[PDB]
Structure formats: structure tokens, C-alpha cells
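Inspection log for the structure reproduced underneath, given as C-alpha cells.
Protein chains in written order, with the entry's author numbering: chain A, 78 to 418; chain B, 78 to 418; chain C, 78 to 418; chain D, 78 to 418; chain E, 78 to 418.
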């Protein structure tokens, strides 16, 4: 109890930081337009970023490691100040050291920290390209289905097939985001009986592909045209593959634990080597170093699995908006090209 | 009012800098030719870049953050000089510190600043390749349409289809540049009734694709030849996808706010750590450091969304010039190859 | 014997480290899901990584080089302390040097160490993409076989062909992992007589491809449809090629021996240059430098051949689970699309 | 005149440097073979590069910026020496400063300089791959035309078509090199009347493509075989696109002017901060720093537009040599494969 | 003679180093297997690399530049020691300087050295991927020929065609390795009369392609199947293109001479700036700096043209072994799939 009521009060702050950053992963993102870019490039961005630093969830996640190292700096400083005043027995030395060992290893720590964050940014870029390809393939496939499928006996199957190409990016988004309601997001895109078959499947994006693939086998098409249409499905399998490996396989964990351990050991003895030159400036110096260096690691950690930093709902809605515009433009494009003739 | 007439005079300079850089985003760019490369590689480039530094809009955007840090250096220096002359009560210490904490963290700041600018340059390169592919696909598709389409009953549809392949890059350029007049830019490329249907569409580059796709369904072609032609449309969907994700999804904003915050905190205490070694040289030193380090961040910020730094009007005009040269060379190439035979 | 009983006691620790890390290469990995990402991003990761540092097998592999350099620091320190007390003849100088030569070469060592680890991480990423492509191709090929193959006379050949597409990733996994039992892993995927032919082949993933390729020649298909199906086999040859070159061709060994030699020479004279500023702090300083710098090299060494850090059994089971779900959804998707009609 | 006869004598050296480097862009390059690699890897390369440093045109281009900064170092040193001897009124201070501000910003300058040169090398690599693809596509297309085209009535058209595939890389080389004589380079590759049509076209590589595309429409081919042959033309459009964007779009000029300005300001005050430690060694120190740091920038500037550093004439001659060897081997390969049968 | 008998004794060591490294380029390499990876990752690699440092040919190539700089350090040290003892007239100053100029430029030298070696490693990776693609294409093409070619009248042509797909990687290996005996390496792969036609061709890998391309025109195939088979030849043209550009076009030589010149000037004045702090420790310090920094450049130089560091004979033998296993498995796979039916 005496070691169990103190081990629980120490968890109050890290638990709050953990609850705060997870709520920030569930925030809804929006695509940038032109006026958001003007605000992004403004000369006031430096002041407004500094003023928004106590509402940023990166900095709130950094509160446990920054306070822990700052108390260690205060403890080392208090002990050193007490020794300098001869308040201790005399066997107790001053916890000081040369900064030369840290000068030699300072560029290695920086290069390793930036390497891990560059590896994390590469995973964000790969996630962004994969979604770009899936949305451009869904737009392309839908555009070709509106042109290719001519026969009036295939009106219902063409309608059904265009509903599954719009539903596929929504299914993939629900497959990669933790609390997702695919039933709610597909309620007005799929038929009531089509959505029951998808909801009974463990791999829902896989199930929509199978409806698309079976629909292309039932259309009255020449075989050359069908091979052209069913070659557009492979981008959906590629999308599923790339997105599932980014959630399944993180950056090799030996590299991420090395960056953690190196940053913890460096900030544990940093007050000891800074003492001769700084004295009690070790406290604010350790505070600023821990806040600056653990924030480079925190940025990389938060974008390592990148699907919650992407506006997947706005990208999915673009395909739906593009397909309904094209079904309304069809009579007026057909008329104009018949007039040409 | 007393705190509201001073909060407004402080906005005069950042508002001017913001109006100056946005006007520089709307400047018209031209493709480099050989004599511009000779001028670019000249030994006078070092002098002429230095002389053009007060007309460069990067440096004008840097005027608010550089003056703000320079006044902070002047305030810290004035306070320190007043303390050294014993003009203050005596409880007021000298704002000085060891430079050793900044020596240890100097390589981390540099690596992070160059990482953000490299990420911005990667987005410029991706925007450049995407336009290269769309212009080469428009040239290829047009070249094949001039060869493939033979039948004299399809003369008007071939004319119409070649107008939409030239119009597509203009539509995509108007779709990614903020103040664009697609009606003015397509006035002499599309028919009056064809341009009305495009102007009524929310996704105009999408609408031109649908005219191309419907035109290929109405041509008297063998099915194998039609599949070959409609496979050339996918580069247009890819172009739309890549260009829309560069405007919709910026570099993850946690990484860009970290570079901003780190640069602001570093220049706020930089006069304090430089005092013992520099005294009033903290003012020009802080001026040069803020101007040098915030300019690396400013370059990255301005090319992060890269379409205004690209000569999209000259690249679009190349496709138009290439297609009209090919329609004039057609009778003389046909004659020469008939002579061979 | 006197030089042969001491040369054997020195091998006790490196042999134990070598047996410990190899047992860690044979540990079974699991795909990350959402709750493992929450635990990965927690604010307690910094404390729990530090507490798990004496059970991490990277650090146990670092035990021989870190102790060897720490004893060298103790030997140099003991000799220097004995000279300072005039316990030696007097011809014996103090083993001290300026740190200026190491200050000039410190950034070169860091850049080279991070380059070798970045090259190793690039090989891990290439291994990860190759598996992503092979699993997405196996999913795509299986999905098309379930749609394409219609004829009821080809029921047994379609069953057989879907067993070989699920078996191929298991065969490739057994081909790249050292102690593998392909007979045990293919016992319930292949027929008893089909598995005997695969087990008699030296290149088992190659043998499964040949069964797939022969099965596509015996199906009653139109030739255009067969060419479409046999074009899906090339991703399996590409998978075999990429995976075999990662095991056959390491990072050029001249670059890896340079990083080893540079790190050994740097830690051999590091106590000599640190003495004037540190005295007996050369022992913990050399301990921390050797542990920090050889751990960056160790991470790169352990992920250089990356297939044991990948959850190849879970990725292989995903294809098997996806194909059996699709064979159970087939009657209910066929019914729904017939109802449409 | 007094300010106009001195402004002209100062241009003598930069004009000479500009005339010298442009003449080096027009030098003819040759492909490396095995004995040039042995000479390239020799242990004498370090001495022979140092001895050839006053004939290297990079160093001659660096002569204006290196002399300008060296005279500034001499002026600052002369003024400081005159002040130390009390030869001035006494209101004149010594132009000295702490080197600490430059120590903090030294790693930022290095990282930015190497980033710009890496961006320039990436443009050289992209230019090299684009030429590799165009030459391999010209070899592939020619090889297929020699096999595919069988009919004896198409002998003259097959001859003509193989002349245009060899002529296309020569036309593209003349299109990207400033003083080119396409008439002289195509005089023995094209017919006299075919070369007149190409010379009358503004986009000559585009004109050759149109002859190839029209020749494939006039051959007596099955449609499936023609689609296979005309799919080999797209690599030529891709080649034109990639090569034209490298000449049209340089590295964003905001990034290149920042590297210029940073290097000029750094070498202007470098004698002032080096004085206390170096005195008149500021002159050779500034000379070596300006020569070393402006040479990293000069290398990047000279390879930024890379087509003059590539042996485009030797790569073009390889396609011509490969096609004539294949037309002489045709009777003896046909005989051997008929003997098999 | 007096200046000609001394200019020849100085060439003894660089000539020996040049003869030693070229003999190391001709050593035969073997593919890594699992037990070589265990030995590669062992904790004894740090000791065994250090012990093998006087048999490594990188270090033997470094012997001329390391001895030359070490004698310069000995000459500068001897002159400085003689001046300190007043053994000279007195007009002779001490060759000493501040290390501050080298501290500012130390990170630029390191970044440039690692950039050149990263560029060299990128050329090794490109060479490795190109061979991976050619071997996977040869495996794929052979696998399809064994399935596709059915007719019993084409037995000899199928045999011949499978001999040319195995012979092509051997021909490409002989085309990129300096002393190669293509006649000896193709003696048991090609027919005696087929090998005479290949030996009479200047571009032997090109000649084998032409036999493959002519063999596919003589087979009794449907045209759709022939187009599928002749599309597998393009990877051979791509392989030839990528491999020839790596031997023809080195890293731009302006960048490689800059790294050479910078490293030579840096080690020439390094004893002068290290003297005040080191005295005769300038000799071992210059020895270690020259050995460490010129070894990073030497690694890059030796892998810049990478084909001799690749096990091209083992990769070529894998295709031959895979094709003969598949011709022996053909009767037993045909039997098993006929039993299914």
C-alpha cells in the first residue's frame, strides 16, 4: 500500500497524456484548399504556432518525459548545491563531469533522431500515394464503366457495379481506421440486401471486390472489353496490400527502441555534464533539451501509422461526387457528340 | 483602445509581407531555354543574387520574424548594459548563460530544418513529374489519334477529340491555380456549345475526360484498336489524382509546427547565451542567424504547394503547338511514305 | 595449454551472445493491430524500453565489444594513475592526447554509422514491399480464378489451382527462413501426391509456379482470358528474384568492414584523448560511447537480411483466410447479382 | 568615365571565367570502358587530380568569387593591422568578433550546400535514366521490327522505318544540346526528301515519331501485331517529356539563391570572426574556405542541366551500330534456325 | 637521370597497390547463404575485421596516400622541433595555426565524403536490381516457354529457344566483366554452330536476343500467344541498357575530383593546425585521419562500377539449374494434373 499508493499517483499525468493524444487521432481532417494554404504560408504562422503550443497534443504527450528529466535536473542541482555549502558528511562528491564526451556524441544522437523521423515520414508518404492511386483507380474504373457498358439490358447491373466502385474506398477507409461504422457509411451507397452480405464478411473491402468481379462476368460484353475492365480491379488489391502492411509491419522496433534508450540516457546525465558551466541553469536547459529532442521523436511516432492523419472521408467523398456528376453530364455529352456527327 | 491601437500598428509589417508574397505566387513563369541557363551558370550570379536581395519576396516574408528577434536582442542587450552600469536596484541579475547547451543542440536544429525543406522539395519534384507525365501522355494520345483514326466519316469526331486532348492540360492547370479563368483559356480551344457543358461541371478536368471517353465509343474502330486508345486516358486520371493530393494533403503539420517552434525558441534565448562572448554584437548576430535560419524554412514553405512555381501555361501551350504542327505535317508525311511505296 | 586455456575462457561471453541473438531471429512475429499501436505510441514507452534493456537481444549482442573497450579504459586509467603517483621507473609517459583530432573527425564517424544503418533499413523496406506485392498478387490471382473459371468440367482443376496460389507464399516463406518445415506447413494446403512432387524439387516455390502454369494450360478457356490469367504469374517470379537477392547479396562488405574498423579504432584511443578532461570518468564515458555507437551498427546488422523480422506466417495466413471466405461468399454474391437481373 | 573605366576592368576576370566554362560544356565526351575505369580507380588519382587543378574549368569558374573574398580578407587585415599600430585617429575600432555565432551556424551552411548539390545530382541521374530508357526502347523497337515485319512487299517501308528509329535519338540529342547541326547528323541516316520534311518542322523529334507512327499504319500487319508495335512508341514521347522538363524547369530558384546569399554573407564576415585567433592567416584561411565551399556549389550548378555531361553522341551511335549488325546477322540466324527445323 | 631514378623509386608502392586491388576485382564471389549470414552477424566480426585489416585490399590501396601525408606530418614536425631548439637562422617561423578554420569546415568535408559514397552505393543498388530483374525475367520467360509451346513439331525449336534464354545472362555477364571467355562459358549451353554466329557478333547479348526473337516467329503459335511471349524479351533490352550505362557513364567527374582535392588539401595543412595542441602526436593523428577519411572515399570508388562485386556467375547458374529441374518435373506435373482430371 505505501509503495502502491505512490506508484498510482505517478500514473496520473502519463494516463492523461495518453487519453489526450488518442482523442487527437480520432479528430476529423479536411482537405486543404487555396485559402488554407494562404493561412499556412502567412508571416503570422510563427507567432500562432507558438501561442497554440499548450493546445497541441504532441506537446501534451511530451509532458511525462519532460517533467521527469526536469525533476532529475532539480535533484542533481539540489544535491550539488548542498555539497558546495558543506551541508553533507564530506565523503559525498560533486556530480560534475566534462562535456567533451557529449560534444563527440552530439552529432550521432541528432542524425539518429532525424533518421527515425525521416523513416516515419516515408511511411506517411507511402500511405498518401497508396490512397492517391486507389482514388484515381476508382475514378478511372467508374469513368470507363459509364462509357463501356452500353446494352440497355445491363442497366441494373451497371447501376449496381457503379455503387460498388464508390463503396470500395469507404470500405477500405473503415478497414484501416479503428472505430469505424461501415454500416453507417455504406447505408446510402449500397442496397439493403447487398450491405448485409458485406457486413457478414470478415474482409469487407475484399467482399466488395468480389461483387465487382462477379458483376463484370455477368455483363454482356465482348471478351477483349471485359479483360480491359477487369484489369482495373488490380489497383484495389494493391491498395489493400499496401494499407494492411503499414498497419501490420511497423518500423523495425530495434531501431525505435534505440532512439528511445539513447534519448533517455542522454537526458539523465545531461545535468551532470552541464553543471560546471551552468549551475542551476541545468534545470531550464534540461527542460528545453528534453522538450526539443523528444518532440522530433514524438512527431515520428505519431505519423508512423499515418491513416488517421489523412482526410480519408473527404477523399472517399470525392469519388462519390465525381461519379454522380458524370451520370448527370452523360445525356448532355451524348447529345453534344451526336450533334457533331 | 489603448491596447487595441497598438495591436493594430504591429500588424502593418506582417500584412505588407503577406500581400507581397501572394502577389509573387501569381507572377507568370517561363520555361528556361539555353541562354537562360548560361545566365544562370554565370560567375556574376553571386553578385547579382546579393544585389537582388531587397526585391526577393522570400526576404520580404522574413522581414516580421527577423525584426521581432532583432528587437529582442536589442532589449536584452539594453537591459544587460544598464545592469553592468549599476543603474538598477541590484536584485536584477545579468541575463547571461553558457553557450554549451546550444553547442550540443546546434546539429539537431540544422538537420531538422534541412529535413523539412527536403520534404518540401520532394513535393515540388512530385508535382513536376506529374505534369511531365500528363504533357507526355497528351502528346502521345494526340499522336496516336492522328494515326489511328482513318475513316473519313469520323472527320468531325476526330477534330473534336483532338480539341479535348489539348484542352485537358489547360483544364487541369485552371483546376490547381487559384485565380484562373478556364472560360478565357478554353475560348479558342473548345467549341462554344462544348465549353458551356464544361463550364457547368464542378470537376472540369473530369468533364473533358468524359467527352474524350464518349468520343472513343462513337468512332468506327475495331475493338482491339479502341482498347489501345482508351488505355491512354488513365494518365489523365493519374494526373488529376497526384495534383489534387498535393493541394489537399500538406506535409504533416506536426512536423512543420515543430520546425517553427524550435526556430522561435532558439532565436528568443540566442542573445542571452551569446552575451559573454559578444556583448552588443548579439544584435547583428541574432539578425544574421534569424535571416539565415528562417530563410531555409521559408524556401520550404513557399515550394510546399508547387504548382505556382511551375510554368504550367508554357507546358500547356507546348501540347497545342505540337498538335497543330502534326496536322500540317500529315499531308507531307503521307505523301513521302506513299512515295516510298 | 597456458595460452590455450585462456584463449577459450575469453570465448565464453561472445559465444553466449551469439547463441542468444540467433534464438531471437527464430522468435515468431505477429502483425500489429490497433491496440498494439496504442501501446506503441503510449507515453510509458520511454520507461518500459529502458526497463526492458537487459532482456533486449541487441544489447546482449553488444556485451562483448562494450566490455572489451571498458577494460581498455580501465587499463589505460590504471596505468595513468600509477604514473601520476611516480610508482614507475620514470621513462614511462602519461598516455594523454588532445581531443582536437577527434572533434574534427566526430561528424564523419556519425555520418558513416547512420549511412550503413540507412542502407540496412532500405533492404528491410525492399523486403517488406516484395512481400506486399506477392501477397497482393496472390489475392488478386485467386480472386480472378474464382470469377474467370466458369465451366463445371473444370471444378477439380479450379480447386487444385486455388490450392497452389495459397501454397506459393508458404513455399516462398520456407525458402527464405533457415529452419523451415515446408512439409508440415503445406500438409493441409496441398494434396498428398501433389506435396510429394513439390518436396522432391530443389526449388519448391519454382515447382508450385510450374503446377499453376500447367493448370492454366489445361483449363477450357478462351485464349485472351488465358493470357490475362497467366500474366498474373510474373509477380511470383519477381517475388522469388527480389527475395533471393536480399539473401544472396549483402551490403558491399567493404562498407560494412569500414564501419567496424572505424568504430574499433575510435573506442581504442578514446580513453587516451578523454583523460585530461575526465580522469577515471574515461571508464563510464567509454562504456556509454561503445554501448551507444555499436548499438546503431548492431541495429543495421540485424535488419540487413530482414525476412526473420517480418511476420511471414501471419501474411501467408491472410491469403488462405481470404480465399476460403471468397469461396463461401460465392453462392450468396451469385444469388444477389442474379436477383438484380 | 572615371566610374565607367573601373567598372569595366573589374569584368575582365569574370568574363574570361564565363567564356572558359561554356567552352567546357561544348567538349565531346566518350563512354568509359574497362581501361578508363582502371585509370579512374588508380592510387595516382589523388596526385593527378591535384596537378590538374589549374586546368579544371570548375576552379576557373571559382576564380572571381575566391579573389573577391581574398581581397576582402586582405582589406580587413590591413585595416586591423593599421589600428593595432595606432596609425588611425582613435575612434576607429578593431573589426573583430567571437567565432561562437559561426560555430552554431556552421552545420546549417554545410547541410544546405550538400542538399543543393544532391538535388543537382538527382537531376543528372534522372537525365541519365531517361537516355538509358530511350536507347533501350530504340534497340527493342528495332529488334522487333526486324522480326515482326515479314512481307516482301513491305521491304522499302521496313527499311524506312528502321532509319527513323535510329534517327530519333540523334534528333532528341540535337533538341537538348545548344549548338547542334541536325542536318549534318542526319545526313547519312535519313533520305534526302525525308530529311527536308524533318528540317521544316519546329519539333524535329516529334516529326520523326509521326513518320514512325504513319509507317506502322501502312504496313500489312494483323491488328494485334500492329498494336504491339505502336505500343513501343510511348517511350519516345516519355523521353521527349523528361528531357524537355529538365531544360525547362530548373531547381526552384529560391533554394539556389539562398545557397548563393548564405555563402556570400558567410565569407564576407569570416575574416572578422577569425582575426583574434588567426591575424593575417585570415587571408589564406578565407582563400581556402571560399575555394572549398563555392566548389561544392559550383559542381551542383554545372550538372544541374546534365545533357552536356553525358556522351549523347556515343549512346546514339550504339543504336545505329546495333541495328546494322542485326541486319547482317539476319540471313545467318534465319539459316541456323531453319537448319534446326 | 638523378631526377629520373628518384621519380621511379617513388612509383614502386602505388604500382604495387594498383596491381593488388585489380587482382581483387577478379576474385570470384559466391552468394550468401544462411550460415554465412550467421558468421556475418557474429559478435566476433569486430575482432576478425580488425585482424584482417592488413589483407584487405581497400587498406592496401590506401597505403600511398596515407604514407605521403604521414611523411608530410613528420617533415612539418621535424622543422617545427628544429625551430623550437633555435637550430635555424631566426627568419624561419613556426608552422602553426589556429584549428578554428578547420572546426568550421569539418562538417562540410564529412557531408561531401558521405554524399560521394552514397552516390556510389546507389550505383551498386541499381546494378543489383537490374540483375535481379534480368534473372527473374529469364526464369519467367523459360517457365512460360515450357507451358506455352505444345506442338510436337516444335520440339527442336523449343529446345533451341530454352538454350538461348539460359545463355543470355551468361552473355550479359561476359559483356560487363573485363576478362571474360564467352566461348568457354557458352560451350555446353549453345550448339557448336549457334555459338559460332554469337562469337562473330560484336554485341553478343544483342545476338542471343535476335535468335530468341527469330525462334518466336517460327513457332506454330496463335498470334495472341506469340505477342504474350515476345513481350518478355523487353526485360533483356532493359538489362543491357541499364548495365551498359553504369559502365559508360560514371558519377560526374567534377564531383569525384572535388572530394579528392578537398581530402588532399585538408591532410596537407592538418599537421600545421594540430601542432599547438599535439606536437609530435601530429604524425599518428595525421596517419589515422588520412586512413579513416580516404577509406570512406576508397569504398565508394571501388563499388562505383559494381559488376565485379556481384556474384554474376552464381546468379547465371541459378537460371540454368531452374530450367533443367523444370524439364525433369514436366512429365510428373503433367501426370498429376491429368490425374486430377
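All C-beta atoms, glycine included, are put in the ideal place defined by N, C-alpha and C.
Rounded C-alpha distance that separates residue i from residue j
i, j, result
"residue 201 (chain C)", "residue 382 (chain C)", "7 Å"
"residue 226 (chain B)", "residue 238 (chain B)", "10 Å"
"residue 250 (chain A)", "residue 106 (chain B)", "39 Å"
"residue 52 (chain E)", "residue 402 (chain D)", "One cannot answer for residue 52 (chain E) here, as it falls past the ends of chain E, which runs 78 to 418."
"residue 199 (chain A)", "residue 132 (chain C)", "30 Å"
"residue 92 (chain A)", "residue 138 (chain A)", "10 Å"
"residue 263 (chain D)", "residue 302 (chain D)", "29 Å"
"residue 374 (chain E)", "residue 122 (chain D)", "12 Å"
"residue 120 (chain B)", "residue 87 (chain D)", "12 Å"
"residue 291 (chain D)", "residue 224 (chain B)", "6 Å"
"residue 80 (chain E)", "residue 337 (chain E)", "27 Å"
"residue 312 (chain D)", "residue 306 (chain D)", "12 Å"
"residue 350 (chain C)", "residue 174 (chain C)", "5 Å"
"residue 363 (chain B)", "residue 155 (chain B)", "15 Å"
Nearest-angstrom beta carbon gap, residue j and residue i [assumed within contact, 8 Å]
i, j, result
"residue 185 (chain D)", "residue 187 (chain B)", "4 Å"
"residue 194 (chain E)", "residue 377 (chain E)", "4 Å"
"residue 270 (chain C)", "residue 413 (chain E)", "6 Å"
"residue 211 (chain B)", "residue 246 (chain B)", "6 Å"
Run of the alpha helix (DSSP H) containing residue i, from where it starts to where it stops
i, result
"residue 383 (chain E)", "From DSSP, residue 383 (chain E) is part of no alpha helix (DSSP H); its letter is neither H nor E."
"residue 110 (chain C)", "Counting along the chain, residue 110 (chain C) falls outside any alpha helix (DSSP H), and DSSP gives it neither H nor E."
"residue 343 (chain C)", "330-345"
"residue 222 (chain D)", "177-225"
"residue 265 (chain A)", "Segment: none, residue 265 (chain A) is in no alpha helix (DSSP H) and carries neither H nor E."
"residue 137 (chain A)", "134-161"
"residue 309 (chain C)", "No alpha helix (DSSP H) contains residue 309 (chain C), which DSSP labels as neither H nor E."
"residue 394 (chain A)", "389-417"
"residue 97 (chain E)", "89-102"
"residue 281 (chain D)", "281-295"
"residue 118 (chain B)", "Per DSSP, residue 118 (chain B) belongs to no alpha helix (DSSP H) and is neither H nor E."
"residue 356 (chain C)", "It is not in any alpha helix (DSSP H) - residue 356 (chain C) carries neither H nor E in the DSSP assignment."
"residue 80 (chain C)", "Residue 80 (chain C) -> no alpha helix (DSSP H), and no H or E assigned at all."
"residue 169 (chain D)", "First-last for residue 169 (chain D): undefined, no H or E at that position."
"residue 241 (chain B)", "232-253"
Practice prompt. Check distances from the C-beta atoms of the segment 347-361 of chain C to those of chain A and list, in chain order, the residues that come in under 7 Å.
Written response: 351, 354, 355, 358
Worksheet item: Which of the residues in the segment 83-111 of chain C, read from start to end, lie with their CB under 8 Å from any CB of chain A?
Response: 108, 109, 110, 111
Worksheet item: What residues in the segment 166-184 of chain E have a beta carbon less than 9 Å from any beta carbon of chain D?
Response: 174, 175, 176, 177, 178, 180, 181, 182, 183, 184
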